[PDB]
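Q:
Number of protein chains: 2
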Amino acid sequence: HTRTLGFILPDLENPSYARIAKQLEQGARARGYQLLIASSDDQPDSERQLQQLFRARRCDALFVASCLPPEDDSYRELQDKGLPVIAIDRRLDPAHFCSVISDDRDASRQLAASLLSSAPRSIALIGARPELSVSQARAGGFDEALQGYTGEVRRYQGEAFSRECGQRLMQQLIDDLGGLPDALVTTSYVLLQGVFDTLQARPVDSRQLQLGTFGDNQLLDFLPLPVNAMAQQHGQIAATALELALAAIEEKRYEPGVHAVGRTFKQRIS
Amino acid sequence: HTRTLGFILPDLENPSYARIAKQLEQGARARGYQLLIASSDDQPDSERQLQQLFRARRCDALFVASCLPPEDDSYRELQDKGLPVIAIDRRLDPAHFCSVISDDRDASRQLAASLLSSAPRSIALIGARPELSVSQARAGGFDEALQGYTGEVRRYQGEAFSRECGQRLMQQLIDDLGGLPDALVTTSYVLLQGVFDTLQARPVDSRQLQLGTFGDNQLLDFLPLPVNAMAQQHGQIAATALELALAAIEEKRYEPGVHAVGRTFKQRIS
Ligand SMILES: O=P(O)(O)OC[C@@]1(O)O[C@H](CO)[C@@H](O)[C@@H]1O
Ligand SMILES: O=P(O)(O)OC[C@@]1(O)O[C@H](CO)[C@@H](O)[C@@H]1O
Numbered sequence: 060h061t062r063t064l065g066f067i068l069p070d071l072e073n074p075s076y077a078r079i080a081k082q083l084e085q086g087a088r089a090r091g092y093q094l095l096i097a098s099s100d101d102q103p104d105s106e107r108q109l110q111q112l113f114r115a116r117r118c119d120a121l122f123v124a125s126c127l128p129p130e131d132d133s134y135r136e137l138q139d140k141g142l143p144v145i146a147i148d149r150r151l152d153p154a155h156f157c158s159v160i161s162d163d164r165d166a167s168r169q170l171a172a173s174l175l176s177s178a179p180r181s182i183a184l185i186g187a188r189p190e191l192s193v194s195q196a197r198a199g200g201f202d203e204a205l206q207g208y209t210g211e212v213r214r215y216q217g218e219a220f221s222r223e224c225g226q227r228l229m230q231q232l233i234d235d236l237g238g239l240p241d242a243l244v245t246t247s248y249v250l251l252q253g254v255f256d257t258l259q260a261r262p263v264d265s266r267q268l269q270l271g272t273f274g275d276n277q278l279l280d281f282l283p284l285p286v287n288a289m290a291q292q293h294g295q296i297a298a299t300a301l302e303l304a305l306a307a308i309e310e311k312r313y314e315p316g317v318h319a320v321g322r323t324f325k326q327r328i329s
Numbered sequence: 060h061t062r063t064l065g066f067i068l069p070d071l072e073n074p075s076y077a078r079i080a081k082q083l084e085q086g087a088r089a090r091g092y093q094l095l096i097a098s099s100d101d102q103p104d105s106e107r108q109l110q111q112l113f114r115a116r117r118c119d120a121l122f123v124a125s126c127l128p129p130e131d132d133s134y135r136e137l138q139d140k141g142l143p144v145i146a147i148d149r150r151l152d153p154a155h156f157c158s159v160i161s162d163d164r165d166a167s168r169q170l171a172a173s174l175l176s177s178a179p180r181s182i183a184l185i186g187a188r189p190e191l192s193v194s195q196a197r198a199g200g201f202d203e204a205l206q207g208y209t210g211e212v213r214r215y216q217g218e219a220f221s222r223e224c225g226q227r228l229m230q231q232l233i234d235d236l237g238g239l240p241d242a243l244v245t246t247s248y249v250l251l252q253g254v255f256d257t258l259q260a261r262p263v264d265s266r267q268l269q270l271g272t273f274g275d276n277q278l279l280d281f282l283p284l285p286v287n288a289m290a291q292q293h294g295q296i297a298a299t300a301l302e303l304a305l306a307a308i309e310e311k312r313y314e315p316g317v318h319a320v321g322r323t324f325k326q327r328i329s
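Quick note, the sequences are listed as chains A and B, same order.
If you're matching positions, the first sequence starts at 60 in UniProt numbering and goes up one per residue.
If you're matching positions, the second sequence starts at 60 in UniProt numbering and goes up one per residue.
1. Is any heavy atom of ligand 1 found at a distance shorter than 6 Å from the C-beta of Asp-148(A)?
2. Only counting runs of 3 or more residues, tell me where the beta strand (DSSP E) segments fall wholly within the region 274-300 of chain B, in order along the chain.
3. How would you list, in chain order, the residues of chain A whose beta-carbon sits under 7 Å from the beta-carbon of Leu-282(B)?
4. Is DSSP giving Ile-79(B) helix, strand or coil here?
5. If I measure Cβ to Cβ from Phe-113(A) and keep anything under 6 Å in the same chain, skipping five residues before and after, which residues do I get?
6. Would you report the Cα separation of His-155(A) and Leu-71(A), rounded to the nearest angstrom?
7. Between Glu-84(A) and chain D, is any beta-carbon pair separated by less than 7 Å?
8. Determine the extent of the beta strand (DSSP E) in which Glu-211(B) is found, giving its start and end residues.
9. Check this for me: beta carbons of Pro-69(B) and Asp-101(B), under 7 Å apart or not?
10. Touch check for the region 126-141 of chain B and the region 295-303 of chain B: three-plus C-beta pairs under 8 Å?
11. Please report the straight-line C-alpha distance between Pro-103(B) and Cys-126(B), rounded to a whole angstrom.
12. List, in chain order, every chain A residue whose beta-carbon is nearer than 7 Å to that of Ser-98(B).
13. So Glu-223(A) and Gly-253(A) are in contact, right, with Cβ under 8 Å, and what is the actual spacing, rounded?
14. Quick one, which residues of the region 201-228 of chain A are near chain B if we go by CB-CB under 9 Å, in chain order?
15. Mind listing the chain B neighbours of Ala-89(A)? Cutoff is C-beta to C-beta under 7 Å, in chain order.
16. Which chain B residues sit within Cβ distance under 7 Å of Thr-245(A)?
17. Using a 10 Å radius around the Cβ and a threshold of 16 neighbouring Cβ atoms, would you call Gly-237(B) buried or exposed?
18. Tell me, please, whether the CB atom of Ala-178(A) is closer than 7 Å to any CB atom in chain B?
19. By Cβ distance below 7 Å, which residues in the same chain neighbour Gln-231(B) in space, the five residues on each side in sequence not counted?
20. May I ask you to check if the CB of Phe-281(B) is nearer than 6 Å to at least one heavy atom of ligand 4?
21. Which residue marks the beginning of the alpha helix (DSSP H) containing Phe-201(A), and which one marks its end?
22. Return no unless some Cβ of chain A is closer than 7 Å to the Cβ of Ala-319(B).
23. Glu-203(B): which of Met-229(B), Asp-163(B), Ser-177(B) and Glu-190(B) sits nearest, CA to CA?
24. Taking C-beta to C-beta, are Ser-99(A) and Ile-67(A) nearer than 7 Å?
25. I want to check one thing, is the minimum distance from the CB of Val-317(B) to the heavy atoms of ligand 2 below 6 Å?
26. Taking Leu-250(B) as the reference, which of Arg-227(B), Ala-260(B) and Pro-262(B) has the closest Cα?
27. Would you list the one or two residues that DSSP bridges to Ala-187(B)?
28. Closest Cβ-Cβ distance between residue 360(B) and chain A: below 7 Å?
29. Listing by chain order, which chain A residues have their CB less than 8 Å from the CB of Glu-72(B)?
30. DSSP has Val-244(A) in a bridge; who is on the other side?
31. Would you give the residue range spanned by the beta strand (DSSP E) that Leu-236(A) belongs to?
32. Using a Cβ-Cβ cut-off of less than 9 Å, list which residues of the region 116-132 of chain A approach chain B; keep chain order.
33. Looking at the unbroken alpha helix (DSSP H) that takes in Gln-93(B), where does it start and where does it end?
34. Cβ of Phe-220(A) within 6 Å of any heavy atom in ligand 1?
35. Cα-Cα, which of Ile-182(B), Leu-243(B), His-318(B) and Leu-301(B) is closest to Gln-82(B)?
36. Mapping the DSSP letters down to three states, classify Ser-176(A) as helix, strand or coil.
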């Protein structure tokens, strides 16, 4: 024992991760545990460096939102040395790991549907890291909502969940369309931020469209342009995840499987 | 050497700290170091517990945005035991320690002064943790800008740098004046969020006032209501703090003193 828990997250400047980390931290403290946090910046190499670190540091349990390929076995080895591994946000192998995630597919499908009920001629998806399960789930959801859609569709999967990537992708989209799409879905608020930057760089009378995004932000309560938002239940995700690590630690019970937590739908567009 | 560095920060959900931590991390990685982060929630008890943790982890050096008194001798003990301690944001004893901070007093003064030039009939300060050094400097700069001012002045300083606390103070202030102040200065963006919440309960037409805040946010670029902002140079702060950490690590060279980094003034109010 060390009475400390580890948390590997991909982006410190992504407020959802900080929210979850803070939540994990507070609950853990109330249980007599300390939380040590580190970021991999969504890079496999860097995550692996942190792996050996928390392994040697001998934390009692490890929370991780991973970016490693599904074929990667590395966490299996820590788990065999006794280290309970709890996946967050990005699921790990359901046959060996316990994971706490969101209903990404259904949330995405439901997000794209609400935009269709408003006549979209064209519609686009802006996302990142298409190789990750989480993006595939959100892409698949977007596609399911498109069942029998006849308008133009475009999908952009960037190289990172970032504001800059969102700006770049929104730029490519606008050039490919010769103008704004009728509707747009961003798979993360961080991406939506970059989208706003691009809409900003155009005239005021040139920034209007059906908008829907994963996540949410106080900003959206003030923006003239209405935006549908699918927000995580951060507190629930952290509560459920902590439960599992503590059960593994204090009761030597661990049962592989996914625990999905539905996102909350904020419909800012009537 | 463990090739790890530690960072004690007050609030994971304060974007400025998340920003510094990320900057610190990416820079530290490029120099072959890993960064472990932990939060204190601005409580002396929790911070002392983390104290014990990072020394057990025996990190090479420790960054800390402390909430501890000028009468808590804890970082002196740690420092004498050979661990380099480096203050960020909140200064530690300049006789012993090496701190990286903003020009809080001058930033606040310049900020309040910019609101005054509009000749408000009243102006208010909203801050928190009045006992903290950083808070005393910010209240001071505000007071200075106000010399000679003849209008109504209000000062509200809360229990915590939080959105919820910002909301409560704003509500107290409005009941005080029987309406919005003509001008308002917030000492952290996190507090301003609470102010925005309070403003939203009012008609869309009863939300105008001259606003100045510490911190900055993308939202302030899209707001109809312009906001003057003093943004930290997060990257410069982290780079300097890191430079001081390595030198102390790999040269035993460590000269106390305060390295100030000016805030960037975003003057949206004409
Ligand atoms: O969806 P939000 O709460 O706005 O942002 C969080 C998020 O979408 O960004 C991550 C990229 O790593 C996803 O894995 C995660 O669900
Ligand atoms: O001023 P910002 O960048 O919006 O927020 C950062 C900050 O104001 O919040 C902390 C409250 O503890 C201060 O120490 C720090 O300067």
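For each residue, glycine too, the CB sits at the ideal point set by N, CA and C.
A: For this structure:
1. Under cutoff, so the answer is yes.
2. Taken in chain order, the complete beta strand (DSSP E) segments of 3 or more residues contained in the region 274-300 of chain B are 286-290.
3. Residues of chain A with a Cβ closer than 7 Å to the Cβ of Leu-282(B) are, in chain order, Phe-281.
4. Residue state for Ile-79(B) is assigned as helix, using DSSP reduced to three classes.
5. In its chain, beyond the 5 residues on either side, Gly-65 and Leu-121 have a beta carbon closer than 6 Å to the beta carbon of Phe-113(A).
6. Rounded to the nearest angstrom, the two C-alpha atoms are 28 Å apart.
7. Of the chains in the structure shown, none is chain D; the protein chains are A and B.
8. Where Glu-211(B) is concerned, the enclosing beta strand (DSSP E) starts and stops at 211-217.
9. Less than 7 Å divides the Cβ of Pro-69(B) from the Cβ of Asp-101(B).
10. The answer is no - the region 295-303 of chain B does not touch the region 126-141 of chain B, with fewer than three Cβ pairs under 8 Å.
11. C-alpha separation (whole angstroms): 6 Å.
12. Ordered by position in chain A, the residues that pass the 7 Å Cβ test against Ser-98(B) are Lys-81 and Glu-84.
13. Confirmed, Cβ separation roughly 6 Å.
14. The residues in question are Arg-222.
15. Residues of chain B with a Cβ closer than 7 Å to the Cβ of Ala-89(A) do not exist, since the nearest Cβ in that chain sits about 11 Å away.
16. Under a criterion of Cβ atoms nearer than 7 Å, no residue of chain B is adjacent to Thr-245(A); the nearest Cβ is some 14 Å distant.
17. Exposed is the call here.
18. Taking Cβ atoms only, chain B never reaches closer than 7 Å to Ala-178(A), which makes this a no.
19. Cβ within range, chain order: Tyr-215.
20. With respect to ligand 4, the structure offers nothing, as its ligand set consists of ligand 1 and ligand 2.
21. From DSSP, the alpha helix (DSSP H) with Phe-201(A) extends over 192-203.
22. No - not a single Cβ of chain A is within 7 Å of the one on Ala-319(B).
23. Nearest C-alpha to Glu-203(B): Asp-163(B).
24. A contact, by the Cβ cut-off of 7 Å.
25. The nearest non-hydrogen atom of ligand 2 is 6 Å or more from the C-beta of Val-317(B).
26. Ranking the options by Cα distance to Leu-250(B), first place goes to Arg-227(B).
27. DSSP, once it has assigned bridges, lists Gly-217(B) as partnering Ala-187(B).
28. Because chain B spans 60 through 329 in this model, residue 360(B) falls outside it and cannot be assessed.
29. Think of a sphere of 8 Å around the beta carbon of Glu-72(B): the chain A residues whose beta carbon falls inside it are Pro-74, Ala-77, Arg-78 and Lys-81, in chain order.
30. Answer is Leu-184(A) and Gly-271(A).
31. Counting along the chain, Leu-236(A) falls outside any beta strand (DSSP E), though it belongs to the alpha helix (DSSP H) covering 222-236.
32. Contact residues of the region 116-132 of chain A toward chain B are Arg-116 (C-beta to C-beta distance below 9 Å).
33. Premise fails: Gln-93(B) lies in the beta strand (DSSP E), 93-98, not in any alpha helix (DSSP H).
34. Yes.
35. Per the Cα distances, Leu-301(B).
36. Coil at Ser-176(A), not helix or strand.
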